[PDB]
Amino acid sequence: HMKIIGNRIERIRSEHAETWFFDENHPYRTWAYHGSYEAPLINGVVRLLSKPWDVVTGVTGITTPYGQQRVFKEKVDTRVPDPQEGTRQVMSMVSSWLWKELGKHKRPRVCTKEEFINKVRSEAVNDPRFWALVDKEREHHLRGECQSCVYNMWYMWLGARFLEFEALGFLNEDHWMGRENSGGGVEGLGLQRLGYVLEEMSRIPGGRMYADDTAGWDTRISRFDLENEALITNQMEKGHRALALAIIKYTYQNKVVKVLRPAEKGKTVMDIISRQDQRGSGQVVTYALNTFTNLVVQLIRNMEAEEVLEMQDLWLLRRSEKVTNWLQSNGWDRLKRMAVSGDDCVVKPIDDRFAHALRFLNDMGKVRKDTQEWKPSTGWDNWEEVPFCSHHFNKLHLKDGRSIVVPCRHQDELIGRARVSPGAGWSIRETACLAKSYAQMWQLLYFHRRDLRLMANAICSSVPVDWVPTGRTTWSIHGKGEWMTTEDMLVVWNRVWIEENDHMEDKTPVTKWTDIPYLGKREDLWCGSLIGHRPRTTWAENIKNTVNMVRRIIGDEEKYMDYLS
């Protein structure tokens, strides 16, 4: 490990030699500590148009070394015992099988510089020097060394991210975890489709639907998980394999991290730590690898439930042919009984033995959130109540009687995130264009929420019609950004929910917003609506005044549209 992280530690120790020191009283328990050195937000438009939520802490409650240290000590400075050898044998077998299924109709490839550039443009990438540094680190990797692939507690230098993209980006670009290729994956599906996936699963004969969340998934990715994820390199030709093995072994299996920590009299230090497991969040293929390993975990849980695996198999896997047979016979059926998106999963097992199939799950360190370790899981009878990707999904009916299945979540989080501006010296223009992005996203996905349809229409009425939406409104890969457009949102709504919606049999267009339904009031309120409560009523009654205010701020000379009418 030390020989692997060596030149990175040296490269930092020398960039910072005059302030470099070793803190004997550092707080790191499960990370290797190597030394330290000395170290150095509201969207106004949305806020002006969402006054009732100024006093809603669920909304308003949404950098400092003092915080990073706290979250590090409680979340990341932890360790889990190794799984037993039999458990590890099962993990390796299932991983090998799954990789071979995923690669049956797809071949790994190197992703290109121009792919990365084009993906970025949707100008460090248009400096030759950047690519000189990149080529440089690359030849280091090809020689068997790493100088500069270091995490900031988990952001990374754009060059390192390009090398990762080059070696493993194919998993994303060629949709290895798409539902067609993986059975249980959902990569490429939007929030406008996931609900249909859950409904489909609800129809499969079997037990309840289970959606257990793992407590701190990324922190419970083991070195064995990483080794099993690395098995994809066996499907690569040798050069590609060299690049990928470099990325995995020097960046995944042996990571170096810089993290901030408070010092004396307002001063700040940077600590350099390292370890050999856990997932570095926010890497290029973090999502794909999380999806992979979660699929493996659920397959194993099903095998325990169905009594293919027994207690004795934890210590040492006796006859492994039973595992191979179960995978070849039932593997794909079980995969199609899953919806897995990174660390999130829903499973429809063949019966409810799944609920108490916990031995391998717990031995793998994948302990369930908010539950006693050996308390059986509780599943759902009603697919519309199942949590998945921070949402639940409801069937609603258009005025003409056709049904749609829509994404829903507690409203406070949506409004709270829309109020956040990532910039600083952000003009009214960038602020307004971001507000417009949120509004149009709500029009596409959360139109069925009264407060959000109203607020979105006010925002869209307060921003010049020709201003193009900018910024990002979600980190979920299932928010596909169809709303990032100046195209009319009813047209976009039709394309998303009718035209290109395979679960919409009748392709008759919807020609007005009033034909598009809300949740029932009970449901709207349950999920955080303020309909009926006085500040919200006042807000709605005054909304045109407020819109005119924002218009006067941005400029009365601009062209505005009335989406409130």
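A residue's number is simply how far along the shown sequence it sits, counting from 1.
The entry shows an unbroken chain from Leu314 to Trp315, with no unmodelled residues of the deposited sequence in between. Gap between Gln372 and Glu373: none; every deposited residue in this span has coordinates. In this entry, the higher average B-factor at the C-alpha atoms falls on 480 to 488, of the pair 480 to 488 and 176 to 184.
Legend: mean Cα B-factor per stretch from the PDB entry, 71 to 79 versus 294 to 302; the higher mean is in 71 to 79.
In the PDB entry, the Cα temperature factor peaks, among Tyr438, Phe162, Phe130, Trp467, at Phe130. Between the residues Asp363, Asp212, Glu264, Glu85, it is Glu264 that shows the highest Cα B-factor in the PDB record. Per-chain ranking of the deposited C-alpha B factor places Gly280 in the highest third.
The deposited CA B-factor of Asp54 belongs to the highest third of values across its chain.
Looking at the C-alpha B-factors along this chain, the one for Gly144 belongs to the highest third. In the deposited entry, the Cα temperature factor of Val256 places it in the middle third of its chain's modelled residues. In the PDB entry, a CA B factor belonging to the middle third of its chain's modelled residues is recorded for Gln328.
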